[PDB]
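The primary structure of each chain is shown beneath.
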Amino acid sequence: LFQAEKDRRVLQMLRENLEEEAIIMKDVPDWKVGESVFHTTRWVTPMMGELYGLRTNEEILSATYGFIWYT
Amino acid sequence: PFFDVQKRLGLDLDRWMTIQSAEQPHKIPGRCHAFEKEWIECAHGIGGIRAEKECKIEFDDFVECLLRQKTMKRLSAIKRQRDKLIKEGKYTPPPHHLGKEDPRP
Amino acid sequence: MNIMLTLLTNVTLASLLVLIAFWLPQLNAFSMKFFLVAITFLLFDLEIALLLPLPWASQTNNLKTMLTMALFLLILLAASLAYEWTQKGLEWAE
Amino acid sequence: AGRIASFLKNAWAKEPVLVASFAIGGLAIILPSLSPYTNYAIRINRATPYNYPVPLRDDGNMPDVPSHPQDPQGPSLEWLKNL
Amino acid sequence: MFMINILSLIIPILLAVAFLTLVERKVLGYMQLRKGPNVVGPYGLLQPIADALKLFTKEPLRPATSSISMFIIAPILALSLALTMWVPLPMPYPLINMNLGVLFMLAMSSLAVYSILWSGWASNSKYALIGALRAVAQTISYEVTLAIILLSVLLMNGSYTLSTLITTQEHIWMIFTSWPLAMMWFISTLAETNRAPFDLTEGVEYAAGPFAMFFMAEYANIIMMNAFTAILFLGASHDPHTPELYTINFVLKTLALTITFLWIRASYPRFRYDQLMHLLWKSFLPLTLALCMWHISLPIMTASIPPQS
Amino acid sequence: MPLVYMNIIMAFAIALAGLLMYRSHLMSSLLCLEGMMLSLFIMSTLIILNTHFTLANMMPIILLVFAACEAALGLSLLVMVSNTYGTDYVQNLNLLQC
Amino acid sequence: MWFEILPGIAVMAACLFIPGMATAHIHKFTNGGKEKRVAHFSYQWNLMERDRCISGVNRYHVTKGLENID
Amino acid sequence: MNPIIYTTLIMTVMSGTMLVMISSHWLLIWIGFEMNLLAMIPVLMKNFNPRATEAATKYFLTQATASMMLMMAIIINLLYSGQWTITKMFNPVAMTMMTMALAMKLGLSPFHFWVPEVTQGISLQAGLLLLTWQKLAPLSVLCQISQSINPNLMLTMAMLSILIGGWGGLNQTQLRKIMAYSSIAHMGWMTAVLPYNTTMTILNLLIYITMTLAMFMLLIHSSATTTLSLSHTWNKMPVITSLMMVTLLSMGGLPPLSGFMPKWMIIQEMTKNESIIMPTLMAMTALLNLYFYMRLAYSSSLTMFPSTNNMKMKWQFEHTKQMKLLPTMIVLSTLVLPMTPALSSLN
Amino acid sequence: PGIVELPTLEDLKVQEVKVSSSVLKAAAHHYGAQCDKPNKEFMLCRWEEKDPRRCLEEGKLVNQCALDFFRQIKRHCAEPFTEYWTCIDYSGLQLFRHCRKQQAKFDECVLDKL
Amino acid sequence: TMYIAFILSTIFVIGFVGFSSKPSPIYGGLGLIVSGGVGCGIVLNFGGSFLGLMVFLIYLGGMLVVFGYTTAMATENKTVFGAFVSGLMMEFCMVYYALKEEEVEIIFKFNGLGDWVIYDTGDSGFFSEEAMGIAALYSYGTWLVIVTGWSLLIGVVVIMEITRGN
Ligand SMILES: CCCCCCCCCCCCCCCCCC(=O)OC[C@H](COP(=O)([O-])OCC[N+](C)(C)C)OC(=O)CCCCCCCCCCCCCCCCC
Ligand SMILES: CCCCCCCCCCCCCCCCCC(=O)OC[C@H](COP(=O)([O-])OCC[N+](C)(C)C)OC(=O)CCCCCCCCCCCCCCCCC
Ligand SMILES: CCCCCCCCCCCCCCCCC[C@@H](O)O[C@H](CO[C@H](O)CCCCCCCCCCCCCCC)COP(=O)(O)OCC[N+](C)(C)C
Ligand SMILES: CCCCCCCCCCCCCCCCC[C@@H](O)O[C@H](CO[C@H](O)CCCCCCCCCCCCCCC)COP(=O)(O)OCC[N+](C)(C)C
Ligand SMILES: CCCCCCCC/C=C/CCCCCCCC(=O)OC[C@H](COP(=O)(O)OCCN)OC(=O)CCCCCCC/C=C/CCCCCCCC
Ligand SMILES: CCCCCCCC/C=C/CCCCCCCC(=O)OC[C@H](COP(=O)(O)OCCN)OC(=O)CCCCCCC/C=C/CCCCCCCC
Ligand SMILES: CC(C)NC(=N)NC(=N)Nc1ccc(Cl)cc1
């Protein structure tokens, strides 16, 4: 169950980030939306920055240091 | 220079630790296991010169997975554009990026 | 964060107490034998560092190999101690 | 055996700490090899599930692979239960 | 609330240090057939306060030829590291629950060694420097022995977690399991804390307020060592719904161990420096290595390896 | 590569420069030598933890052990030189000439 | 007599009682009358984060169940 | 030093070098280097004196700095490639750091001063072992990583080594310093041929090792450490002086001796790759080495320097210790030119 | 190079199993025994495809099976299960050792009913 | 974010600058202790708990204690301040360059966006990957244990022989 929930959450966050990127980068001369940086079409595990780049600092800090700082 | 005693005697002194796609304890995968495996399978058995000349796509994918230079550049460009837009006030963040949203289980 | 706050509180309280005690009345107006002990301690501390990851190493499926390696490290440590003992590195004669 | 007996007698009267340490070390080295429970310990370590038991695609030629966790096929921890 | 918890951990420790000074004086007196302080307060319950007030309102004697930076840092470091080693101790719940708590204790002690060296080098006096060097040698040797013993003990625990230590000792006592290690651990803790028969340093330059800082740090270290020994070898039963029983039992065991420290100091004469140095490297270290080998081999040969989680 | 790696490499370079520029004492040279190993340990552990190289986690421990053994050897040589000459000054090491 | 040592030992015991009892009381107070969750591993931390998310009041200790699903 | 401890340390040095030469892991190679240095220091400090202590201290400082640089290069290579296997390094900066560290270990210029300093500080056996083994190992590492070596930097260091060795040997008078500068020049030749043919590198290594062993063992036999001390050997055992003279002639590259074969093969290999100026300059610069070889040979073999009076007692007594493989090393260092095509076997 | 394909938010919506970790852990062995088939299908899909986007339907089926399992539990043994997961929730480590009585009552309830 | 790791790295570099300026052996040792503590903080913040505690314990308790002990038993300028100022200026210039934009004019190319960005979303379960990898020194790593133990024994013999004298 947790694997399915994690996959769904990751996909939803990626879609939200893609929509926001499309909204923001609508005036750049040459900027494809959702363009990958890999030559392969294989699925690549999203980076932490790719998911929490455009979110709040509290959420970023929680996601990056929550387990390390919890004692 | 290189007396390959390990290959001659069938030993495993350090070939287990040579690469990160080998057998790991508890089957813990590496960060770039797939990219390294693809690069190794491309470059195996063709020699160093041909490996450098031909498996450039695989090597570039491996290096991109390792260092994340291009991904970081893209994210920084997006962040810079967003900051410039919100400085003028033309662009406003959505509620979920603003901080008013329900997370997912 | 919690550990950092605890350390900061401890250091701050210690400094405050030391400064209060310091200014409350102030209102106005080579030995070779000793050196070898340090080197032996450093080497045995390195051996201890090697021996530290033992509790987790007992959970592996190669119990025989793990036991052999741990006993080998301990035997080498004992051999170093015995060599120093026989060569009189532990003597405090003068 | 007279010489070794005399040596042991003198060591037990002069360096009892060294005699005890050497005896403990010798027992520590020898006993695990001549023990029946080492295999039990190895099996217990191997029986502990850390990773997820990824299932296999059924091909019709897996008689020893259970189709359900409660099926009689597959490894059983009855020995560990009675231990 | 976390700051409240930190203060509740800190201030009672200092109060316990002061009343431990009082209790030590009274116990030594009664063992020596005297009475001990029973005049300053009712049954002498004002002597720590009087001593603290006098030491605070006493004139200091900071040397002109001294490094002020080290002269100030050394007592601060000593007191901070004395107070820091109480945050991972469970009683029954640690203030800071760490996955690797034992290694934190070892690192804190190893850093606490620095205070003696810095204090000796701050006075710019040759003789105090020599005394500090001898103290450093003794402390580092017994640190090696303590580290090996603590490694040996935790092989029956499965991890470096003191909560897991409590869970392991739920049934029986690690002192029943490994009493020779308990003997050597107790003696090595005595030598590390520099109590008799190992008080070679006291058998000087600091005075008035800064001296009280070192005294409090040393007594806090003694109490912490006794509490750690009680947790490690005299594990009490923990009930999740009534944690106060475990706290009472743990405090009683810690008091018993500290009283035993005072008892030993009263009873025994003093070792010589070379005699206590030969005591470790030629009597404790070989036995410690042999018992470490035995405790490595025992879980494997008996199929009793503790769980990692 | 992020800026943390840049700072670690800069620290290693500074420690290396300090070793190559003696002032009076040989002890300071050993201290600068030990700083380089600290920077190397930090860089190695950051790289290994970032890439989840599980089997490589034992490399920093081996590096630390060997470098501490080298430090002990250097301290032994330094105390021998100090016993011979009276001070740990590098100026006394001039009997041999090129 | 020897029982005159007890008041000092009593004060020491009272002082040493405070840390553990205070820690337990604070842990039960800041977690809704329950023991503080021990997140020694990433699995436990993920469980805590999921509990906080499903609670929605940004408190992991606010537990929900059958009355919440249906 | 106890004989058992001495042989244990020698075997530890050899085992470290063997680990370096057989390991396919950078961590294991670094471990081998560390073990080699650790076991080598007491060999230098065997005969205890302030000069030996100073030489050992300088050697330790140099080797520790080189090891730190090598480990930094390994880490940098790991950062950009994530590979531990010793192959063509994937980062130019890491390759440059590795090349500089290995040059410092070998003694190539401008990292050469410690070579004469330590060689003068330590005794003859220590100098022999130092030169031979401590140049055997890093050359193996360089041969393994040859395909990524920067030719410009490698050839610059090689030519600097040749020139510095020639001039230092010209000015020096001490036999051990002369041997150190000779070693520097020969290492320069080897590293010059390295980026083109590791087989030629190995051939030069073998010939240089044979000649150095012969020369050092002759010096030990004659118990001479200076020019004037060697000038008295003709009055006690003139055979040794003649053997030393022919060995010195061979080390200078004079045909038809064995020393001409490495220079000849290196010149051929370098001129195959359309490189003429470098072989020409390298060949012309060896004349300085031959000059100080000939100057040393004048004082010992071709002339008769004045002797002393106790040399009569020296005549009365006889040498006791026998050198191992001395005649074989003398023959192999002067009469193996007609066996040159064995470099195919060496390949 | 190329455009990453991502499913739209409409097909990423499904009724989540909104229960706490204590509730999930209380009904863990029974959940694994009863909803074994969809869970194993989803895990095999994930380990073969190596792509989250290729096994969304299996995840939805897993969620549906979990919801059905919890509804079946609530219809019959709501109170014994409530006591069991209340007992489990108190412990910081959520151990099964301290609730051997509530677990026994819950197992007796589910065995008799379902 | 708060650039906590970046601040720790800057403090690490500043301590290195001080201890390489070397006002005195004791002050350099103290600066090296501070820098070691900062590096332990860096690795602990990254997530290497066992390796950070190992560096703390070994380095500070054993390695820098014997350095001070040797220095303390010996007891035997504008250049230091100038070097310290130059190092601080260089570090501040590099930090400003990196924060303003990608400082690629150095021999390496650095992009500054976040050590949380450079992380990964993966996670283990009911075990520590670092702890398991380090404990693999006995199951795997048999050769490493043998060579390290032999090196340590030879180092004991070496320090015994060198300090003998004669
Ligand atoms: C005078 C000498 C001074 C030497 C040191 C000077 C520099 C001090 C630098 C401090 C760095 C702090 C690092 C930790 C930052 C937070 C990281 C974190 O959250 O870690 C979680 C970890 C959690 O522990 P864990 O290992 O159980 O983590 C696993 C469990 N999870 C993942 C669930 C958390 O915390 C620790 O490891 C605690 C130990 C920290 C050790 C470093 C600090 C030592 C402080 C004492 C020495 C200095 C005393 C100075 C006194 C005054 C002198 C004048
Ligand atoms: C100065 C002379 C000292 C003489 C010896 C004093 C200690 C006696 C024990 C043997 C010698 C010391 C050995 C090392 C320490 C051993 C610790 C030990 O076993 O301790 C035993 C007990 C605690 O053990 P316990 O039996 O309670 O714990 C049971 C543990 N489980 C459940 C795991 C089996 O502690 C003491 O007796 C404390 C002694 C020191 C304090 C003296 C003042 C208090 C006197 C008793 C007060 C009783 C009421 C307290 C309040 C109750 C409220 C409900
Ligand atoms: C084969 C011919 C060798 C000739 C030369 C021999 C002497 C060379 C120098 C010493 C080399 C030692 C060999 C080390 C190779 C290690 C690999 C091999 O030994 O396998 C190990 C097997 O472990 C064994 O217990 C041997 C451990 C090493 C031997 C005991 C210690 C010997 C130390 C020798 C040097 C001591 C130096 C100091 C002397 C005083 C590791 O087990 P591993 O495959 O991975 O995983 C478990 C799988 N099992 C269960 C099937 C084994
Ligand atoms: C947790 C820490 C607790 C620390 C204290 C624990 C034990 C406390 C025991 C106190 C028992 C009461 C002591 C009373 C002593 C006599 C009081 C009186 O005699 O002194 C007066 C002045 O003394 C003070 O006012 C009383 C102080 C009592 C103690 C206060 C609490 C102790 C301070 C706690 C500080 C804790 C921090 C320090 C830790 C080291 C002067 O009165 P006087 O001039 O003759 O008047 C004439 C006498 N007549 C009336 C009968 C005719
Ligand atoms: C009745 C016993 C029943 C059990 C018997 C089982 C077998 C026991 C076998 C015991 C072996 C005998 C060892 C005792 C002899 C030790 C040598 C001795 O007698 O002492 C000499 C001398 C001490 O005399 P000093 O006080 O220093 O100088 C005196 C100056 N006038 O000892 C030495 O020289 C050192 C020799 C041993 C070094 C010990 C160093 C640490 C080694 C112990 C670690 C144990 C590891 C276990 C590994 C065992 C397998 C190898
Ligand atoms: C058997 C071991 C004993 C030998 C070693 C002991 C060393 C002690 C050396 C004695 C010399 C005294 C100076 C050393 C300690 C300095 C203490 C100090 O600075 O106190 C300052 C403080 C000043 O007054 P305040 O309290 O600040 O203001 C309020 C005034 N009522 O206290 C004082 O009154 C002291 C002022 C005068 C004392 C100094 C006079 C003697 C100085 C001569 C130089 C001797 C230096 C000793 C050299 C030691 C090596 C040979
Ligand atoms: C060992 C002797 C000198 N000590 C004592 N009898 N009492 C003691 N040093 N005085 C003291 C009392 C309380 C406090 Cl918080 C600090 C110092």
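Residues numbered from 1 in each chain as written, not as in the entry; some residues may be left out. Chains lettered and ligands numbered in written order. Part of a larger assembly, values for the part shown. Heavy atoms only, no water.

Undergrad: Even after reading the chapter, I still don't get the overall build of chain C, so can you show me in this structure?
TA: A count of helical and extended segments in chain C gives 4 helices and 0 strands. Scaling as 2.2 N^0.38, a compact globule of 94 residues should have a C-alpha radius of gyration of about 12 Å, whereas chain C reaches 24 Å, well beyond that. Principal axes of the C-alpha set define a box for chain C whose edges measure 70 × 45 × 15 Å. Taken across its 94 residues, chain C has 55% of its residues classed as buried. When the accessible area of chain C is evaluated, it comes to approximately 3900 Å², of which 68% is carbon and sulfur surface. (Helix = DSSP H or I, 4+ residues; strand = E, 2+ residues; numbered from the N terminus. Rg over C-alpha atoms; globule rule 2.2 N^0.38 Å. Buried < 20%, exposed > 50% of the residue type's maximum accessible area, 1.4 Å probe, protein only. Areas by Shrake-Rupley, 256 points an atom, 1.4 Å probe, with all protein chains shown as cover.)

Undergrad: In this structure, what is going on with the site of ligand 3? I would like to understand it.
TA: Taken together, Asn62(C), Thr65(C), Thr68(C), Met69(C), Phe72(C), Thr142(J), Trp143(J), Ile146(J) and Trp150(J) form the complete shell of residues around ligand 3. Residues near ligand 3 are shared among chains C and J, making this a multi-chain site. For ligand 3, whose free accessible area comes to 1200 Å², the fraction covered by protein is 37%. Those elements that place two or more of their residues in the shell around ligand 3 are α4 (63-86) of chain C together with α6 (142-162) of chain J. A class-by-class count of the residues in the shell around ligand 3 yields 5 nonpolar, 4 polar and no charged. (Near = heavy atom within 4 Å. Nonpolar A, V, L, I, M, F, W, Y, C, P; charged D, E, K, R; others polar.)

Undergrad: Looking at this structure, I do not really get the UniProt feature "transmembrane region" in chain C. What am I missing?
TA: Residues and elements named next belong to chain C. UniProt annotation of "transmembrane region" refers to residues 3-23, 34-54 and 65-85 when read in the numbering used here. Secondary structure content for residues 3-23 is 100% helix and 0% strand, and the end C-alpha separation is 30 Å. End-to-end, the C-alpha atoms of residues 34-54 are 32 Å apart, and along that stretch the chain is 90% helix and 0% strand. (UniProt positions renumbered as here; feature names shortened; annotations may be inferred.)

Undergrad: Help me understand the interface of chain F and chain J, please; the structure alone is not making it clear to me.
TA: Think of interface size as the accessible area that goes away when the parts come together; that is how it is often given. Between chain F and chain J, the contact holds 60 residues from the first and 68 residues from the second. Taken together, the two surfaces of chain F and chain J that pack against each other cover about 5600 Å², and 80% of this comes from carbon and sulfur. Taken together, the links from chain F to chain J amount to 0 salt bridges. Linking chain F to chain J there are 7 residue pairs in polar contact. (Contact = heavy atoms within 4.5 Å. Buried area = accessible area lost by both parts, 1.4 Å probe. Salt bridge = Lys/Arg side-chain N within 4 Å of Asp/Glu carboxyl O. Polar contact = N/O pair within 3.5 Å; in protein donor to acceptor, adjacent residues only side chain to side chain.)

Undergrad: Looking at this structure, I do not really get empty space enclosed by the protein. What am I missing?
TA: By rolling a water-sized probe across the atoms, one finds the places where empty space is left. Residues and elements named next belong to chain E. The space that makes up the largest cavity amounts to roughly 230 Å³. Taken together, 20 residues form the lining of the largest cavity, with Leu106, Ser109, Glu143, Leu146 and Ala147 sitting closest to its centre. The element best represented in the lining of the largest cavity is helix α6 (residues 126-154), accounting for 5 residues. When grouped by side-chain class, the residues that make up the lining of the largest cavity number 13 nonpolar, 4 polar and 3 charged. (1 Å grid on protein atoms, 1.4 Å probe; cavity = no way out; pocket = protein on both sides within 12 Å on 5 of 7 lines; lining within 4 Å. Points joined across faces, edges and corners; volume = space filled by probe spheres on them.)

Undergrad: Explain a nonpolar patch on the surface to me, please; I cannot follow it from the model alone.
TA: Residue and element names in this part refer to chain E. Together, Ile172, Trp173, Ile175, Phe176, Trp179 and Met183 make up an exposed nonpolar region whose accessible area comes to about 660 Å². Those elements that place two or more of their residues in the nonpolar patch are α8 (174-177) and α9 (179-193). Tracing the backbone through its elements, the reader meets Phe176 in helix α8. A relative accessible area of 62% means that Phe176 is categorised as exposed. (Patch = residues over 30% accessible without salt bridge, like charges linked within 9 Å, V, L, I, M, F, W, Y side chains within 5 Å.)

Undergrad: Hey, could you run me through helix α12 (residues 260-272) of chain H in this one?
TA: Side chains that are three or four residues apart share a direction in an α-helix, a result of its 3.6 residues per turn. Residue and element names in this part refer to chain H. Here α12 is 13 residues long and its end C-alpha atoms lie 18 Å apart, about the 18 Å a rise of 1.5 Å per residue gives. Turning to α12, its buried residues number three or more, namely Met261, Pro262, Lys263, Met265, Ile266, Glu269 and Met270. Looking at the buried positions of α12, the neighbouring elements they touch are α8 (175-193), α9 (198-222), α13 (277-302) and α16 (343-346). (Expected span 1.5 Å × (residues − 1).)

Undergrad: Explain the arrangement of the chains here, please?
TA: Most contacts, when the 28 pairs of chains in contact are compared, are made between chains F and J. At the C-alpha level, the nearest point of chain A lies 11 Å from chain D, with no contact between them. Spatially, chain A is disjoint from chain H: no contact exists, and the shortest C-alpha separation is 17 Å.

Undergrad: I keep staring at the pattern of salt bridges and nothing clicks. Help me out?
TA: Close approach of charged atoms lets side chains of opposite charge pair. According to the stated counting rule, one finds 36 salt bridges over all chains in the structure shown. For the salt bridge of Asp83(B) with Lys79(B), the shortest nitrogen-to-oxygen distance reads 3.4 Å. Of this pair, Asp83(B) and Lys79(B) both sit in helix α6 (residues 69-88), 4 residues apart, which is roughly one turn of the helix. Using a relative accessible area of 32% as the deciding quantity, one classes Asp83(B) as partly exposed. Taking the relative accessible area as the measure of exposure, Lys79(B) reaches 27% and is therefore partly exposed. Across the pair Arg270(E) and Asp199(E) runs a salt bridge whose closest N-O atoms are separated by 2.8 Å.

Undergrad: Got a minute to help me understand the packing of aromatic side chains in this structure?
TA: To describe a pair of aromatic rings, one takes the distance between the centres and the angle between the planes. Within the structure shown, the criterion is met by 49 aromatic pairs over all chains. Ring geometry for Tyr37(D) versus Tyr40(D): centroids 6.1 Å apart, planes at 50°, classification tilted. Note that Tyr37(D) and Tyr40(D) are positioned in helix α3 (residues 37-47) at a spacing of 3 residues, about one turn of the helix. Given a relative accessible area of 42%, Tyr37(D) falls into the partly exposed group. In textbook terms, an aromatic cluster arises when at least three aromatic residues are bridged by ring pairs, as seen for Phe2(A), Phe41(G), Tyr43(G) and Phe126(J). (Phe/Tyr/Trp six-rings, centres within 6.5 Å; stacked < 30°, edge-to-face > 60°.)

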